[PDB]
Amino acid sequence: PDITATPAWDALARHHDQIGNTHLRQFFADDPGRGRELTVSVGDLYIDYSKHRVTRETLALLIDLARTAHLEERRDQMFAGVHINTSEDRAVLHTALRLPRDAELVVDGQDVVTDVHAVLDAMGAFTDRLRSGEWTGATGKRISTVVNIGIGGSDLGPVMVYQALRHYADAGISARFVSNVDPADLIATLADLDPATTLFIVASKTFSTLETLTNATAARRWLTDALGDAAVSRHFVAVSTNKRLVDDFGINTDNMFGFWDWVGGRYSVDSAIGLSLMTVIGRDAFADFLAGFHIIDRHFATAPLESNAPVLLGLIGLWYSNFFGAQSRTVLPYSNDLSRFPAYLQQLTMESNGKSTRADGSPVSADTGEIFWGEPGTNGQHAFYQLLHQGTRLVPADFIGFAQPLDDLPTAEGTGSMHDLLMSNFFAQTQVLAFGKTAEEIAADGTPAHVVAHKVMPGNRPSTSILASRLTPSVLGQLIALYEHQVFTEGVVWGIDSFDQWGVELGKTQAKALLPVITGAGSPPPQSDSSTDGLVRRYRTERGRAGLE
């Protein structure tokens, strides 16, 4: 049914009519204990959601909305393996990817636990050979660089996760990632690499993906030109499900690591898609990574809604989006290693919840999925916080930070801690965003009167602070799972299908159709519209093709 027509929804509209313009200064004045009580401690995460424009009543009303949407039933249905991906009629079981070996799960006649660990064991064995040097190139050398080839779910994860756990790379092998069909990507990434010490991971479920196979074939030519035709088998492995395409790409079929239809691309990093990560950090650390997801899964499934982190956060997001009209949310990890985290969340969130259709197929009556964007902390601070502070836009913000640093350096006087410098910003920014600074408060500073107005900080800019104990594989897994389940709760509330992605098909087929137009001999026929018609013609002349056109 339409969530927008329920009493819970109306109750929230009326509530917003009352507190929608209330300032965080007043929220805190009225609610002294919120700083301690509107928090959730789970796993290695301390989650403080108190700097939000909510009362205890808001939270209860939001939770009411969740219950009328049957969040808990749908949640159980996902874990159990019912086909909640309605438009495609399939299960949604990324959560199964991180289940302990001893877990019990049979779905549609498949024992997924056994299938999952079978692949993980095979990855562990292959990867061990690489890290030990039992696996060698076509000439005698050990592999020192793994280069992943994929797009979307097959790239954003592997890259973010490699950068995030950089400190845990312990086998002297590094990784690179080639995703764009722009040939500049492949050419730049292979420039300084020795083919004899380089091994390729070609990641695609069908093994027919246009960019990936195009990139992979060019890489194969590079490898073969150097090492010969038979060398393919020890410089190429596949994360795929298609045994007959992998061979006969030249890849040995037992160097093919699979994953299933019930794991979506944007949910795939904890599957065989994480092969490159396991390569650089090892099967054990990889297992700690999976364990971190599981902690949050366990918490999502068992905790009451009132104390359920991903649910509360998802609901608070919806509060701003549907009732304040905030079009976007910004994620700001205070960690250079997490610099690709916001880009990862972009696919997770926007490809999941960027929908206009309910699961049944009826049109939505309200906004669905927010724009997600950000940059790591103390870079973003100097780039766009000006707008966060003094802009005209409501942008709920997630601050993510780590208490303990992995490595540290002294300040400029040769004492103290650069990490403490980092984190002083982490705490101050949310404080300043929330409460701001008045004209009177600025005037008391001694600022010239006519300058005061330009310095005024209106505040009321809300944030969640997530303070993890330390950046570890488990903690990374905890963070990803945390967001996966927020995405789930917002989706269920809106009644959309957040596990399909039909919106990308047409772009692919239309590109295939336009290719001969920009490539073929002789002038193109009139196109569908005068804009692409003019653009295609200019493209032809500019590529040196329209002499005679």
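Start at 1 with the first residue shown and count on from there.
Averaged over their C-alpha atoms, the temperature factors of 231-239 and 310-318 are higher for 231-239. Checked against the record, the higher mean CA B factor of 6-14 and 537-545 lies with 6-14. When the C-alpha B-factors of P473, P100, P342, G380 are read from the PDB record, the largest value belongs to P100. Each of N148, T114, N460, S463 has a CA temperature factor in the record; the biggest one is found at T114. Among all modelled residues in its chain, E490 ranks in the middle third by Cα B-factor. Among the modelled residues of its chain, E484 has a C-alpha B-factor that falls in the lowest third according to the deposited record. Ranked within its chain, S50 lands in the lowest third, by CA B factor from the PDB record. Among all modelled residues in this chain, the alpha-carbon of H94 has a temperature factor (C-alpha) in the middle third. Per the deposited record, the Cα B-factor of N21 falls in the highest third when ranked against the other modelled residues of its chain.
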